[PDB]
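For reference, the structure is listed below as structure tokens.
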Ligand code: CLA
Ligand code: CLA
Ligand code: CLA
Ligand code: CLA
Ligand code: CLA
Ligand code: CLA
Ligand code: SF4
Ligand code: SF4
């Protein structure tokens, strides 16, 4: 109960929102015969909604007074999977992309016409450097330690 | 005495006429 | 060849057209008071003011805020007179802005044929001042005449 | 000269070269009656002086506008007369 | 010692049918420019005031309202038809000022006898800061 | 009462500044500070409009010809009327 | 002399030019030095006049680009026919057109977007379409999805044929210059073989296929039990039961007894009460007469045989005292300049599209088209926008002709010279007309707003006030209402139901068309329309006339058609090019078309569209508030924008939520355009300098030096995003409002 928020699996308003969603979906479902393709699509949508609400309840999310889950980014260990773990994953992927791009730009820096390698990407070198960003934190840390990350102009 | 009926035409009509007349005469001067 | 150069001159910013240099159009423009150079500017101003003040009464009376009341004849006409009081005032400011006391007339001294012509006294301080005074007198006279015709003498009219 | 064929520039004649012409000005004499001209000359003489006319126009216009606005009948302008109706309440009770 | 050629008022004008882009009141109260050239063949050119004119063989004189119009027409004549051109400035008082070739030689090519005006013997980045020219009429670039 | 056109000593000697002038402000004068033995000059800045075509063709690192906009006349405002 | 002049194998088919970007010109093929090059590569891609100075290669590239465009159009048509065959409810819509919404697109069940599959009816869930393809297919006699599949396959084959022809007529067998300059044979073939024969073939299809199938459909026969269209061709008696004149064959045609064909060729007019569209017999007779007129109008111009007309002689024969030499020299101008032809054809096609939109709204030619309010609104708005864009492009390319292809030394025209000589008079008179129209059209709205805000409703320009009645338009409506009485006795009913009378067509409880009243509000809106059109004309014509020279820049033609400025000189020479005149006129065309479509939407929602009760009364969508509310800007803001935007702001959670998202996104893009429109390049370049330093600090700066967008490109991006946002806003608002309530 952080910041006066009830858990989503013990929230009456969360179940109420699920009830409204299922009622609207059933009202849409009543227009078609049960063996038809639109009826099957609506039933699949209802099952997806039920699974979504059950997963949101079981994930440990804290639901506000309006029945919607509220993310906590203060760093609480109960809610590290809302911001901190996806944030670390995003930082890893973004560092991968940035390191691969920087390595490609460094590799084609000392050429006769480097710009020709930017409008037309040299695919073998790019594919060689693609997996170099898997170990981007180690390479970046060592390059910073050896003073190769920055340029003193 | 109704003072708005005297000052509102004075400030909205007569004073602007005097002001833009004087400023037009002063701007177009060749000293 | 109907469209000619301006007085045979192709390097002047204008053209000679039947709307510009027709004999009837030239006659009509020359007989207007503004283009009567040999006449006193007081008389031309009187005529211009009479015409303009006479034509100004109609819109103010017929389209004024009190056009549907008993005061349609007077107040709107008064507004027309007020506009004349504005308009002559503007003219007066023009007469102070453009022309000086010590300078002569700046009107052209030639004609289309190139002969020497006495310049128009209108483009001068005294001439424009007389023109403006005549315009004011003619404007108030025309407004009074329009009011007298429509509402004092009660002449029959369609009133738009 | 300026009037010869295919030539339009004269050094001694600038007004024709630069098109300084009276396009519609006519040197015809006065068409108005002499008595009419005399009456309009003596009856519009005080308005000749332009500075005096400007001052007179400003003072007369201001005085007439103030006199008309202050002494207008109450039934002419709706603003001169009051509401002549009971005032209505606000949507929270006059607050 | 190059002497400026005198203006010939009796110079015939190109055959033009009239345009609204010609002279205005500025030609009367202020100056107006006059370009003279020598066409070796009766041909047709494009006026800078809109439209097309037909220049006549021999000397040709054209009056325009701006110096830029005169220079544009002269550049067109030199590049397309290869005609020598000179234009003057005429005042309402009748004064004529011989403008374009100030020494008879075109300004693009070097000619001895020209004096330097607006010449600064420093790089552009060595200009004095405005704080050092404050409360004085002198500008940093004028020093 | 004219735009201020200034020539600096970094001028190579290319006449493009003079050829790009639509009002005949600049000209080429003899000099000795470059290979071309010539430098630009602005004796007729009274006819300068301020179009800055001259400094749009200067090939130096920064402009050897500089047009500073200043007090404007009828021929500096490009008025044909 | 008019032969097939074709050179064999002029261009080698290879991928070498694919590997090199910007091969077409020289300054660009050198390689990128800055980022601006990339933008330039997408700016001069289709400017064939700048790539080469030879007219033959330019014409061949134009011909093959036209072939590629035709291939793309055929591909798009195949896609529409396929998405009408599969993923559509056309067969369901055929049975109940008055209660089932047309739909031809279904979304996949991903990320919750399946909410866009709305209950359109007929046992189908999908996106409701407003293109009116269902009405076309019903008017064509299509009653099965197999026919749509066959049409899609045929259009795919035709797209492949167009692509092959485009490759063939440039890389293998390219026409010569004299082949393209044979304008007389081209006009003859395009008037007799393209329009005339096409109209004749479509009339044959309507007579032999559309008429019996639509008669069976309107007779209540079930679509699957209707005989196939080929069965009515092999069996003449099957067609003769519906139309007995078919028992006589073509002998009444060959004996000039055409009055015997008065059962399927009728001049009836009006609308079909069963379907709410034009009579298909009327369309058949119309297309037949149009085919005859075009076929006898296509044998006019001269060719290899001495009979015919010469365009050059016809043009040279028309010259008056005012115009001097007249139209002499225009043939050489039009036969040697593609930009002049593009200007003329763009203007004519835009005006044609505008008149098409007006005549489709006024006369619905397809069954169940008028009662489909969404289709009518979408078609009118779309073709209005297309016409406005083409009209703007007309002046855009006329300016290119004036800058590039115009010269009086050779190909001199007297009319163009006399136009250019008095251009100041034209521009000043049009300026005065624009000011006068703006005052006496919009100051009336301001006056009405002030009188209503001051509590003086008797002083406004209303119907219950000072009246500005369109007496001329009302007289025209009255004249066209009584046209069957005296002026057109052969017509049973009037040409439309929008003039007058007691006529009223209602299908399925919805009003199709009504006699449209004209009052003071229509007067004010039409004069607003005239003012906006005149201002757009002023901007575009000023750009065209001053594209070469003016009193400010006498050598503007040397600067080019598309240049930013001439520096801060002469007080400032910003946006002096004709391209900037087009860029400014784009906004005014947008404004004019927006006002036009707002007028159309509100007027048809208040005075035409609605519902018919069983007793006989008619209740409109907005209750006829156009007469009293549209005379004030506050009325447009409240009763039109605020009132009808409730159907697009409340669409969240339903099948119309995509329209709300597009509403918000279009507002966002329109706001985003103001950044490019209001700013300048120097600030962005100076900021890019600091960003470049930040990248250079970490050895990650690119070799292609980043540069801010150019001045012209900044204006182009601003106007493009502005038009996109301001048009998509109206698109989403119109679609959501007219689908939710109509
Ligand atoms: C732009 C057009 C426009 C027009 C046509 C009108 C029209 C009208 N208004 Mg509105 N109004 C407007 C905009 C406009 N308004 C705007 C922008 C505002 C500001 C919010 C107002 C606010 C307003 C107020 C506050 C009032 C009006 C009122 C009136 C009346 C004018 C009364 C008067 O004193 O003037 C008449 C003036 C004239 C001198 C007319 C001159 C026109 C002449 C005749 C031209 C004819 C041209 C000629 C043929 C050209 C060729 C000549 C030939 C020899 C060659 C009239 C019904 C009054 C009212 O309530 O009555 C309904 C009033 O009290 N209006
Ligand atoms: C802020 C000051 C101001 C004032 C005091 C007024 C006053 C008035 N407005 Mg308004 N008006 C204003 C601003 C102002 N206006 C602005 C900014 C606009 C432009 C949007 C308008 C546009 C406008 C229109 C279009 C109309 C009015 C009219 C009216 C009149 C309302 C009804 C009535 O009295 O008719 C009775 C009217 C009269 C008896 C006129 C009396 C004027 C006297 C007798 C004239 C002599 C002096 C005169 C004021 C000029 C000289 C003074 C100075 C310039 C030297 C009244 C005179 C109406 C009008 O006056 O037409 C009849 C009208 O039609 N006004
Ligand atoms: C009577 C036969 C004829 C026909 C039908 C056409 C029709 C057409 N021409 Mg024209 N043309 C003709 C004779 C003909 N032309 C002649 C003799 C010349 C030389 C003087 C030209 C010169 C010409 C040029 C230079 C251009 C055209 C273009 C076009 C197209 C523009 C209209 C449009 O796309 O509507 C849509 C119309 C249809 C899709 C309806 C079906 C028409 C079929 C598909 C066309 C087959 C017609 C062809 C002439 C005959 C086949 C040749 C054979 C070897 C296979 C259109 C396909 C423009 C274009 O788009 O080119 C690609 C173009 O750039 N034409
Ligand atoms: C002011 C009067 C006038 C008007 C109103 C029009 C209006 C029209 N003309 Mg033009 N025309 C005129 C004068 C005029 N013309 C003159 C004097 C000539 C003789 C030089 C021509 C030559 C001409 C031709 C040869 C053709 C037109 C066509 C058309 C229509 C274009 C169809 C379109 O929008 O694309 C919609 C799609 C298409 C049908 C057109 C396809 C594209 C065409 C074939 C390309 C234009 C090429 C042209 C020959 C340029 C070659 C340059 C060469 C010298 C290198 C348009 C309505 C076309 C037409 O007849 O359409 C039925 C057409 O084929 N015009
Ligand atoms: C009918 C056919 C037509 C044709 C064949 C041409 C032909 C041409 N035009 Mg003209 N033009 C037309 C209509 C036409 N125009 C119309 C209707 C307009 C008014 C908008 C113009 C306005 C115009 C201008 C302003 C200019 C030309 C110029 C050109 C030339 C080069 C075009 C270019 O390189 O662009 C290549 C292609 C592009 C740059 C594509 C740009 C992307 C567009 C703007 C976006 C459309 C948005 C899209 C619907 C939204 C989807 C979202 C997105 C995520 C996909 C070429 C002669 C140019 C010229 O000649 O330069 C000297 C030029 O300056 N035209
Ligand atoms: C939304 C506001 C707006 C307004 C009011 C204007 C106004 C105008 N535009 Mg501009 N314009 C705008 C936005 C706007 N523009 C935008 C967004 C662009 C970018 C594309 C442009 C670009 C542009 C171009 C490219 C052109 C114009 C032109 C015009 C003028 C023609 C209309 C006319 O004169 O009628 C009369 C005036 C108006 C309708 C303005 C409102 C006046 C009301 C009716 C009366 C005000 C009452 C009265 C004056 C009392 C004053 C009170 C006193 C206290 C002072 C006019 C000055 C055209 C022009 O120059 O042609 C002459 C032109 O070519 N505009
Ligand atoms: S001023 Fe510019 S153009 Fe002239 S010489 Fe110097 S660098 Fe060359
Ligand atoms: S602000 Fe931009 S468009 Fe305007 S003059 Fe300067 S550079 Fe040219």
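Protein chains in written order, with the deposited numbering: chain f, 78 to 230; chain i, 1 to 31; chain l, 57 to 216; chain h, 50 to 144; chain d, 70 to 212; chain c, 1 to 81; chain a, 9 to 750.
The beta-carbon is built from N, C-alpha and C at its ideal position, and this holds for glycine as well.
Can you pull the chain l residues whose beta carbon is under 8 Å from the beta carbon of residue 21 (chain i), in chain order? Walking along the second chain from the start, residue 21 (chain i) turns up at place 21. Going along chain l in sequence order, the residues near residue 21 (chain i) (Cβ under 8 Å) are 145 and 149.
Going along the chain, which residues of its own chain have a beta-carbon closer than 8 Å to the beta-carbon of residue 307 (chain a), five neighbours each way excluded? The sequence position of residue 307 (chain a) within the seventh chain is 299, counting from 1. Once the five neighbours on either side are set aside, the close Cβ partners of residue 307 (chain a) are 196, 200 and 316.
Beta-carbon proximity of residue 80 (chain c) to residue 168 (chain d), cut-off 9 Å: On the sixth chain, residue 80 (chain c) is found 80 positions in, with the first residue counted as 1. On the fifth chain, residue 168 (chain d) is found 99 positions in, with the first residue counted as 1. Cβ distance not < 9 Å, so residue 80 (chain c) and residue 168 (chain d) don't count as in contact.
So, using beta-carbon positions, are residue 114 (chain a) and residue 90 (chain a) closer together than 9 Å? Sequence index remark: in the seventh chain, residue 114 (chain a) carries index 106 (1-based). Sequence index remark: in the seventh chain, residue 90 (chain a) carries index 82 (1-based). Cβ distance not < 9 Å, so residue 114 (chain a) and residue 90 (chain a) don't count as in contact.
Classify residue 27 (chain c) as buried or exposed, calling it buried when 16 or more other Cβ atoms lie within 10 Å of its own Cβ. As a working note, residue 27 (chain c) is residue 27 in the sixth chain. The residue is buried, with at least 16 neighbouring Cβ atoms inside 10 Å.
Within chain a, the residues that residue 55 (chain l) reaches when beta carbons sit closer than 9 Å: Summary: the structure shown does not reach residue 55 (chain l), with chain l confined to residues 57 through 216, and so no result is reported for it.
In the region 85-112 of chain l, which residues sit with their C-beta less than 8 Å from some C-beta in chain d, listed in chain order? none
Shorter than 9 Å from the beta carbon of residue 200 (chain l) to some beta carbon of chain h? The sequence position of residue 200 (chain l) within the third chain is 144, counting from 1. No, its Cβ sits nowhere closer than 9 Å to a Cβ of chain h.
Beta carbon proximity, residue 90 (chain h) to chain l, threshold 9 Å: If you number the fourth chain from 1, residue 90 (chain h) lands on position 41. Closer than 9 Å to some Cβ of chain l, the Cβ of residue 90 (chain h) qualifies, so yes.
Starting from residue 82 (chain a), follow the alpha helix (DSSP H) in both directions and report where the run begins and ends. Within the seventh chain, numbered from 1, the residue matching residue 82 (chain a) stands at position 74. First-last of the alpha helix (DSSP H) with residue 82 (chain a): 63-93.
Could you tell me whether any non-hydrogen atom of ligand 5 is closer than 8 Å to the CB of residue 408 (chain a)? Working through the seventh chain from its first residue, we reach residue 408 (chain a) at position 400. Yes - ligand 5 has a heavy atom lying nearer than 8 Å to the Cβ of residue 408 (chain a).
Within 8 Å, do at least three Cβ pairs link the region 450-461 of chain a to the region 632-649 of chain a? yes
If you scan the region 18-42 of chain c from start to end, which runs of the alpha helix (DSSP H) of 4 or more residues do you find wholly inside it? none
The alpha helix (DSSP H) enclosing residue 431 (chain a), as first and last residue numbers: Your numbering for residue 431 (chain a) matches position 423 in the seventh chain. Its alpha helix (DSSP H) spans residues 431-446.
Which residues in the same chain as residue 153 (chain d) place their Cβ atom closer than 7 Å to its Cβ, once the five residues preceding and following it in sequence are excluded? Here residue 153 (chain d) refers to the residue found at position 84 of the fifth chain. Here the set comprises 106 and 107.
At what residues does the beta strand (DSSP E) containing residue 29 (chain i) begin and finish? Position 29 of the second chain, counted from the start, is the residue given in the question as residue 29 (chain i). Premise fails: residue 29 (chain i) is in no beta strand (DSSP E) and is neither H nor E.
Please compile the residues from chain a whose C-beta is within a distance smaller than 8 Å of the C-beta of residue 89 (chain d). Within the fifth chain, the letter at position 20 stands for residue 89 (chain d). Correct list: 429, 430, 431, 432 and 433.
Checking 9 Å against the spacing of the C-beta atoms, do residue 69 (chain c) and residue 50 (chain c) come in under that value? Taking the sixth chain and counting its residues from 1, the one referred to as residue 69 (chain c) is at position 69. Taking the sixth chain and counting its residues from 1, the one referred to as residue 50 (chain c) is at position 50. Taking 9 Å as the Cβ cut-off, residue 69 (chain c) and residue 50 (chain c) qualify as a contacting pair.
When the distance is taken between beta carbons, is residue 110 (chain h) closer than 9 Å to residue 145 (chain l)? If you number the third chain from 1, residue 145 (chain l) lands on position 89. If you number the fourth chain from 1, residue 110 (chain h) lands on position 61. Result yes, Cβ atoms of residue 145 (chain l) and residue 110 (chain h) sit closer than 9 Å.
Considering only the beta carbon of each residue, do residue 91 (chain f) and residue 158 (chain f) sit closer than 9 Å? Indexing the first chain from 1 puts residue 91 (chain f) at position 14. Indexing the first chain from 1 puts residue 158 (chain f) at position 81. The answer is no: Cβ separation not under 9 Å.
Where the region 181-193 of chain d meets chain c: residues whose CB sits under 8 Å from a CB there: 181, 183, 184, 185, 186, 187, 188, 189, 190, 191, 192 and 193
Express the C-alpha separation of residue 265 (chain a) and residue 293 (chain a) in angstroms, rounding to a whole number. As a working note, residue 293 (chain a) is residue 285 in the seventh chain. As a working note, residue 265 (chain a) is residue 257 in the seventh chain. Cα to Cα, residue 293 (chain a) sits roughly 15 Å from residue 265 (chain a).
Can you give me the Cβ contacts of residue 11 (chain c) inside the same chain, cut-off strictly under 6 Å, excluding the 5 residues immediately before and after it? Reading the sixth chain from its first residue, position 11 is the one you call residue 11 (chain c). Within the same chain, residue 11 (chain c) has close Cβ partners 39, 40 and 64.
Determine the direct distance from the alpha carbon of residue 391 (chain a) to that of residue 655 (chain a), and round the result to whole angstroms. Start at 1 with the first residue of the seventh chain, and residue 655 (chain a) comes out as number 647. Start at 1 with the first residue of the seventh chain, and residue 391 (chain a) comes out as number 383. Approximately 24 Å between the Cα atoms of the pair.
Below-9 Å beta-carbon distance, residue 577 (chain a) vs any chain c residue: Within the seventh chain, numbered from 1, the residue matching residue 577 (chain a) stands at position 569. Cβ-Cβ to chain c under 9 Å: yes for residue 577 (chain a).
Since residue 96 (chain d) meets chain a, which of its residues come closer than 9 Å, beta carbon to beta carbon? Residue 96 (chain d) sits at position 27 when you count from the first residue of the fifth chain. Near residue 96 (chain d) there are no residues of chain a at all, since even the closest Cβ is about 12 Å away, more than 9 Å.
Contact the region 573-591 of chain a vs the region 397-408 of chain a: 3+ CB pairs below 8 Å: yes
Distance cut 5 Å, beta-carbon to ligand 3 heavy atom: residue list by chain order: a:71, a:74, a:75, a:190, a:193, a:194, a:197, a:201 and a:202
Residues in its own chain within less than 6 Å of residue 309 (chain a) by CB, not counting five upstream and five downstream? Translated into positions along the seventh chain, residue 309 (chain a) becomes position 301. Excluding residues within five positions, the ones whose Cβ falls inside 6 Å are 192, 195, 196, 316 and 317.
For residue 126 (chain a) and residue 288 (chain a), what's the separation of their Cα atoms in angstroms? Stepping through the seventh chain from its first residue, residue 126 (chain a) is reached at position 118. Stepping through the seventh chain from its first residue, residue 288 (chain a) is reached at position 280. So the two alpha carbons sit approximately 33 Å from each other.
According to DSSP, simplified to helix, strand and coil, what is residue 84 (chain d)? In the fifth chain, the residue the question calls residue 84 (chain d) occupies position 15. Note: residue 84 (chain d) maps to strand in three-state DSSP.
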